[PDB]
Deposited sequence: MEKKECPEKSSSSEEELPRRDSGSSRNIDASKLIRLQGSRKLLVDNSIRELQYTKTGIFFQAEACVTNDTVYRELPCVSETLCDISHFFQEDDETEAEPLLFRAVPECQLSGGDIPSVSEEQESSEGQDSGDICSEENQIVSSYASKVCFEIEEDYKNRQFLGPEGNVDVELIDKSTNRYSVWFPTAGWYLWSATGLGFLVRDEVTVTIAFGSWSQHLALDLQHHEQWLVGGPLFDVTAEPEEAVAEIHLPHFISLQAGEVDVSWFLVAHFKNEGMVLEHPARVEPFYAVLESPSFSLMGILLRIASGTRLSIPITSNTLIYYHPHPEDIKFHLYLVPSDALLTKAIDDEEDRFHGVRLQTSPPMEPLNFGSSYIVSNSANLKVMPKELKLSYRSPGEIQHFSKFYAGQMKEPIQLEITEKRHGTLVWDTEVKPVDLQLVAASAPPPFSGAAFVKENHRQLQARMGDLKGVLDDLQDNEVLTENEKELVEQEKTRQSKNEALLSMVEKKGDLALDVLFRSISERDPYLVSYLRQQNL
């Protein structure tokens, strides 16, 4: 079932988690499947990709990053047998190879890149770790960075201010701590988060998506783009104005380099 957390330091976001015995033990609040064999006192933190790379591989466009970074330390020697580590990049047969996936490890050595054995549609596996900053995901595409094809999920906020709803459209890839602390950064314009998901189709990186509701209001910043950044940042949001207490809103995310769309969402103002 659900497992508890102990917050040691909020600045570095460090969690102490108790593990009773053997089991699968998926924890979906970050996406860690800690396939364990005994009682494990595990420590997990949040890592930023900016400070751990060689500073050349963010801008190397044969070197796509996947997943978020974790500082996972646990008991070694088959106490934690398998790591099912959360990444985001999609799994179809064309233009994605299993061999292109890599799992890093950030020691005082530097980076240790090992291949994973199997690749799950949401997770990637690390086998028998021997350990800090271990939750890692890299990729070497033999072709360019712009064709590796996994889609963000939209995340929308309608907030009531001077009796006028300001909207907030966010199009970032699915990283749970990134999404959550993006909302915590968004707490300064205090948000309410309904449950609507734009996981219908796929889109690559370097993608210019235009946004439109089908009915037209004060439209701001239509040709947005698809990019990924650190844990603490500001992504390319959209901030239109509703100006009224109307109920119905239909947003649409559609490409520019080709005619096809990627997302059509229906949202009401029943809970502003």
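> Could you give the ranges of the deposited sequence that carry no C-alpha coordinates?
Holes in the chain trace, numbered from 1: 1 to 165, 296 to 303, 446 to 537.
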